[PDB]
Protein chains: 2
Amino acid sequence: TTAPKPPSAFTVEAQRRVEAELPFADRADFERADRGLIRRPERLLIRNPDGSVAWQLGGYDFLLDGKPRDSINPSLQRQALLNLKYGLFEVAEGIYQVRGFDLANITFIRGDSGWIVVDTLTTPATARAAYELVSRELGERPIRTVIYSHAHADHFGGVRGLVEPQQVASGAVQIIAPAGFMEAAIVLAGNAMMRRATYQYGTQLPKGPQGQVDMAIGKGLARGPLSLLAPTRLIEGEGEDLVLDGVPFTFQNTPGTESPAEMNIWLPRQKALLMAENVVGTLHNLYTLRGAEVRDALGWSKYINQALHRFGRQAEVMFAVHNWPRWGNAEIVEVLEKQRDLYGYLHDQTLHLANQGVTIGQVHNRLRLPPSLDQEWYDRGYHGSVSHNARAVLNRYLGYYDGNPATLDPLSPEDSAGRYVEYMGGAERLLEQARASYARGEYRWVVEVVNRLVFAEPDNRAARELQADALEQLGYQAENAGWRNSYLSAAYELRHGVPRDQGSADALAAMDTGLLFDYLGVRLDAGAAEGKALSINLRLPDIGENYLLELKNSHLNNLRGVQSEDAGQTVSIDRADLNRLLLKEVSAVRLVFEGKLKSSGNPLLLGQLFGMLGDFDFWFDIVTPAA
Amino acid sequence: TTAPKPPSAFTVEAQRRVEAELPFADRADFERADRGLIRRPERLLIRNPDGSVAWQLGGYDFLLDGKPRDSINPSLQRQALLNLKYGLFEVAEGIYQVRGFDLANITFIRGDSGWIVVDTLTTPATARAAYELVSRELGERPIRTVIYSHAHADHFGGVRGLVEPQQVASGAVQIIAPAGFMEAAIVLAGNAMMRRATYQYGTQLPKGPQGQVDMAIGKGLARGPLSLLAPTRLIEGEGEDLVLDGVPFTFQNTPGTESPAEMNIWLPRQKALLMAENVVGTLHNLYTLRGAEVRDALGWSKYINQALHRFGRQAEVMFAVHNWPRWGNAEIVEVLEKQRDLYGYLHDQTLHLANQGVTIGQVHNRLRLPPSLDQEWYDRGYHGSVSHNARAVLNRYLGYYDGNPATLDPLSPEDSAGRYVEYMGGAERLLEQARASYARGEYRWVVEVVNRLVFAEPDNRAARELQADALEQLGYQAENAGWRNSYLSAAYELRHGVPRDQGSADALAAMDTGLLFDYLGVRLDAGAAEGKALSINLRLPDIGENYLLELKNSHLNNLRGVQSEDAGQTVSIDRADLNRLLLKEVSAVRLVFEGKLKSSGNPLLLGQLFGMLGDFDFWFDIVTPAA
Ligand SMILES: CCCCCCCCCCS(=O)(=O)O
Ligand SMILES: CCCCCCCCCCS(=O)(=O)O
Ligand SMILES: [Zn+2]
Ligand SMILES: [Zn+2]
Ligand SMILES: [Zn+2]
Ligand SMILES: [Zn+2]
């Protein structure tokens, strides 16, 4: 059978254990998440210009009765309900947030003549909807300044919902960002990350008790066009004190924590501390499972300590770009200390263990937070997990290899699987044993062993169905939203298979030219490039950049600021026009006839290079070997 | 039986295949490695001041007959003999190198009044011995300048063998380094890295056909005290043109390639290009298996391209801090192009594959260099490997997790092993099957499956002996020196068990104070720190630094430039005296009585904190679960 199964007796027991272990009696977050509520719109339904739906919350109604469901980890269910506390809120005098209109929050700070806005959600429609709610309740005011707290799409993505380029061009609107913002906002492993993200975000799952229920730092991500307008002003060095529209702001740069470009904000008049995405209502990711570079827990901890000693000590309210605020100086001091020691403990104790010989394959089964950190709701592994972050720290310092040469040169899973199956007496015998293990509630073992059979025999329905059943129990048990979604998406694909039916101008415009060509080098089909050699001078006059492109030894090189008198072709095109070509907004033929694409030398080389560029299928297999 | 076994028939066949696949007819390296030889001392034996032996080459005599040995990959054997071409060499007019006195080379450049020296080997005794050979053959000359090509111990370690602090202090000797040198020269995962390095370096193996034979970039690493004298001058930005003792030097910074602080050197008078450790006689590591952060192949490739377009185009000789030079402009241009496209192809094609859904557990079995790159001796995987570097690139962008939730929350190997064994019919049945697989030459499979049995039953001699036999065949087959050494060290420990019998003042002095306390936080025993809280102001007047130390929530924090009026204790000590304490060169009691260690507040806190500090056993288990 191919439909979700009820929670097993072992899964039920695991949920009861969560309740026994975690401080459910501490319900203060429920008060915090409702404090200062101005308006919760009755229903929320946000639409995109093309008619698609950007965001809606009606799919979460099953959570509203607040009744426990054993197919959901009760800690995650608690977070799931708190994230449904959406609408317009007062944080402090003249500081408001619209929460639950998208994954992130959007913050409106009262200036003398308009709003200073912090962040802009993921897509213009959600941002626009938030601004409309603000105007209905507080009165319409022009937005004078938009500040990006950091370089992530759930924060800069909806900017065109608030302001337009002509406002920025005229100086009516300023955009403030931490130094390094443009370099960090925008690729090379994009298809792999996006496809792996369908698991983490559970994009194929229904919203419900046996599907997606929450995304930890918010309900989920709004769907729509991605916008991005470049900053007009950057916060340099350690930070800067600015006055915006009569309001004093202190910006504290925290480079290389949750994002390479990030800054906390202190508002001294309100004694309000906006902790960007450094401190949120959950342990955050040191490693995002969809795939990204490992983050620096050591710096993350130190920057939280820096904020504590500078501001925390005088703060009356602390708030963030995800989740809800926390009021009271003693509460804020403790949250800052604990979040600082959370990242610090994860870092320090992973390394303490590693230095004792505990490997990347063992550390998550050994490392446990001490009670003082374990027993706070904002330290729970909803977004990041202690388990995956400990392995992340270890991977950052020691790498993927566990040091045991048995594992140094491993056969691909699909190549060793047939032998595992044979050694275990064949598929039927393996299933018999795995089913007995399943009946004992040993899901973490079952998913490892039955995965071998699925890889040996991807058309073995019985194997896929058992693997799916065990993964699903693990998803029900998961406190982590990303783990849950991944387990349930894996079950879904094992049961149903992968779909057989299957661009942002601003994002492309933000991409450095060198990175664009690095990406084109990634698209290069090695088979097509084999034995070829060509050099092309590329000139981009609007941005005043020159690149030397060299294809040789089945590799595309690009080099900024150099030209070769020996290149076989010289090509001139504005970066703006190159952008349009890639976005299919203009044809190369029309550009050549307009005199916008120019060439000397052999007119064919760039075309020949383009013809070697391959493509990537989005729906590649994950839970089985490639079809 | 517990002694090395002969190469199997499959291993022999694998060696013959290497010969069929690789260009052994290309023997030009043999001429290159002998070119400009001035003196090869008859025997080489270098001793340390305490009487220990730093370096000797007599253990490699078995290689001298040049006869093929099937327990050594013939490509590695070729490299092993070329690395035995040691002694004093002329590279170009007034440019000499002493090769094979240590892992790295040391370079002497004739100035008007003395030597400009590039790098200093690993330990003073080897450096001193190299200088003595130089003086015997070319005449004794003062060393006026020492340049560190980059921030690695096999390059700055022997500096005290050449110069002393009073020479630097008086300005008689200058030390030049790339900007960032001191930050990159010096920890947190040190015990784990060092212990894992016993495998990579094969520190327990004899020198011989069934032991250690070479270390790729050199024969091995000299053993002795580690020295380091701080630079007096840093090469800033992209680089700088300097004149040293009448000789013109162009320094090209290449930050974040083989080392975070590295610079190539162009010598325009001799048209000589010293490629630091960017281009050597082998594919280098993107990931060193002993464990370290993943290196940036993209930047590595671009920096090689930058050197090519700036200098390569006019170079007559190219040489490096490891291995031998290559003469002739056409040869140099090709080597630079190929090394550039080597790192570029590894990067680009790993990502091309990953974007198609190929995982970190599959990529090394899919990625292959094109013939133009595969068929050059300096592109062979002696130091780095295509296999481990491809997985490294993938790990850098996507992380350790393959995206399949079967693998998201894995049981530790020792906890799932008992079940693998049971499912496979028990130990005897598993061995029976594994022995048949062994008889078919399926070593990569045998080491994966028998490893399960060793982990289930670490005292099962029969299992350990088979695992050892299979690993050993893999070590014999390995072209990579680190892989070979690791496979043979694993066999050694399985057969014999781990030893049951078991500081650099300069290195400690080079360590930032914050990093020192970060390291102390890593030593913190969480059990001992539980429930404790303390704050200590630490003042270090000689360096003018203040730190706030806070222990809370089982985590030690240190914060530069802040002090707390609420700290329970204030401690004052020069960093120089703190160094001496840690090195056991002075007792804390003697320092307090000398007035060199001062305290206000509760005199006990720092002592209490120190008492919570744990230690790490060096010889932790790798190939079995912890004893
Ligand atoms: C349209 C893309 C939206 C991107 C929103 C996700 C934020 C990226 C950072 C990953 S993490 O969630 O901080 O761990
Ligand atoms: C006494 C320690 C000697 C360190 C020498 C090894 C160099 C460190 C860098 C690793 S790698 O060999 O570049 O990949
Ligand atoms: Zn973010
Ligand atoms: Zn965010
Ligand atoms: Zn090095
Ligand atoms: Zn080196």
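Throughout, read-outs are computed from the coordinates displayed, never taken from laboratory work. So basically every Cβ, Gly included, is an ideal-geometry build from the backbone, and we count neighbours across all protein chains shown.
What residue among A:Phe89, A:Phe616, A:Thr120 has its Cα farthest toward the positive end of the dipole of chain A, where the charges are +1 on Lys, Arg and -1 on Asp, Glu, each on the Cβ? Sorting the options by dipole projection puts first A:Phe89. Helical content of chain A, expressed as a calculated mean residue ellipticity at 222 nm, amounts to -11000 deg cm²/dmol (DSSP H runs of 4 or more residues, -39,500 (n - 2.57) each, divided by residue number, nearest 500). Sorted from shortest to longest, the distances between the A:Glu31 label points of this copy and the other copies are 8.7 nm, with each point 7 Å from Cα along the line through the beta carbon. With θ taken as phi - 60° and the Karplus curve 6.51 cos²θ - 1.76 cosθ + 1.60 applied, the whole-hertz 3J(HN,Hα) list for region B:212-229 is 6, 10, 4, 10, 6, 7, x, 6, x, 10, 5, 10, x, x, 9, 10, 6, 10 Hz, x standing for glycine and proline. Which of A:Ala169, A:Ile265, A:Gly66 sits farthest toward the positive end of the charge dipole of region A:1-357, with +1 on the Cβ of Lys and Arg and -1 on the Cβ of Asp and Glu? Toward the positive end, the furthest listed residue is A:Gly66. List the distances, in nm and shortest first, from the label point of A:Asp65 to the matching label points in every other copy, placing each point 7 Å from Cα along the Cα-to-Cβ direction. Label-point separations across copies, in nm and ascending: 8.5. Here the gap between B:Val586 and B:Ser572, fully extended at 0.36 nm per residue and compared with their Cα-Cα distance, gives a gain of 3.4 nm. Farthest towards the positive end of the charge dipole of region A:358-498, among the residues A:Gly381, A:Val450, A:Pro370, is the Cα of A:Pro370, using unit charges on the Cβ of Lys, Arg, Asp and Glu. The trypsin sites (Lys or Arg not before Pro) found in region A:43-135 that occupy coil by DSSP, while having at most 10 further C-beta atoms within 10 Å, are A:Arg43. Here's how it looks for A:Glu545: its modeled amide H is under 5 Å from those of A:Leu540, which are all 5 or more places away or on a different chain. Distances between placed amide hydrogens fall under 5 Å for A:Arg39 paired with A:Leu88, all partners being 5 or more residues away or on another chain. Specify whether the C-alpha gyration tensor of chain B places it in the rounded, prolate or oblate class, a ≥ b ≥ c being the square roots of the eigenvalues: rounded for a/c under 1.5, otherwise prolate if a/b is larger than b/c and oblate if not. Cα axes put chain B in the oblate bin.
How much of the DSSP beta bridge set in region A:1-357 is antiparallel, as a percent to the nearest 5? Taking every DSSP beta bridge within region A:1-357, about 70 percent pair in antiparallel fashion. Take every Cα pair under 8 Å in region B:127-173 that's 6+ residues apart, average their separations, divide by the length, and report that relative contact order as a whole percent. Value for region B:127-173: 47 percent.
Coupling constants for region A:390-397 follow from the phi torsions by the Karplus curve (6.51 cos²θ - 1.76 cosθ + 1.60, θ = phi - 60°), and in residue order they are 5, 4, 4, 4, 4, 4, 4, 8 Hz; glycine and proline get x. Taking amide H as placed 1.01 Å from N in the peptide plane, A:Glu262 has its amide H under 5 Å from the amide H of A:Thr254, A:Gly256, each at least 5 places away in sequence or on another chain. Restricting to bridges with both residues inside chain B, how much of the DSSP beta-bridge set is antiparallel, in percent to the nearest 5? Looking only at bridges with both residues in chain B, the antiparallel portion is about 75 percent.
Give me a single rounded figure for B:608-618: the average over its residues of other chain Cβ atoms within 10 Å of their Cβ.
1
Counting only Cα atoms, the size of region B:499-627 along its three principal axes is 50, 35, 25 Å, in decreasing order. Here region A:565-583 is scanned for amide nitrogen atoms under 12 Å from the site 7 Å beyond the Cα of A:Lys598 along Cα-to-Cβ, giving A:570-574.
Shielding by partners for peptide A:424-433, expressed as the average number of C-beta atoms from other protein chains within 10 Å of each residue's C-beta, is 2.
The mean sequence distance of close C-alpha pairs (under 8 Å, at least 6 residues apart), as a share of the length of region A:198-259, puts its relative contact order at 17 percent.
Which value, in debye to the nearest 20, gives the size of the charge dipole of region B:358-498 about its Cα centre, when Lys and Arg are +1 and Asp and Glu are -1 at the Cβ?
The calculated dipole for region B:358-498 is roughly 280 debye.
A straight Cα-to-Cα reach below 21 Å connects B:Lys584 with the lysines B:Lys596, B:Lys598, residues fewer than 8 places away in its own chain not being considered. Highest mean packing first, where packing is the average number of other Cβ atoms within 10 Å per residue, the peptides B:261-273, A:113-125 line up as A:113-125, B:261-273. Annotation for B:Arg500, label-to-label distances across the other copies: 6.3 nm (shortest first, one decimal, point 7 Å from Cα along Cα→Cβ).
If a/c stays under 1.5 just call it rounded; otherwise compare a/b with b/c (prolate if a/b is bigger, oblate if not). Do that for the protein assembly as shown, with a ≥ b ≥ c from the square roots of the Cα gyration tensor eigenvalues.
Verdict is rounded for the protein assembly as shown.
The mean number of Cβ atoms from other chains found within 10 Å of a Cβ in peptide A:519-526 is 5, as a whole number. For the protein assembly as shown, the antiparallel share of DSSP beta bridges with both residues in that region comes to about 75%.
Between A:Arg35 and B:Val562, what's the calculated FRET efficiency when r is the beta-carbon distance and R0 is 41 Å? Round to 0.05.
For A:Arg35 and B:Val562, the calculated efficiency is 0.80.
Each label point was placed 7 Å from the Cα along the Cα-to-Cβ direction; for B:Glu21 and A:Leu515 their separation is 3.7 nm. For region B:504-627, the relative contact order works out to 25 percent when only alpha carbon pairs closer than 8 Å and six or more residues apart are counted.
The equivalent ellipsoid that matches the C-alpha gyration tensor of region A:358-498 spans semi-axes of 29, 21, 13 angstrom, in descending order.
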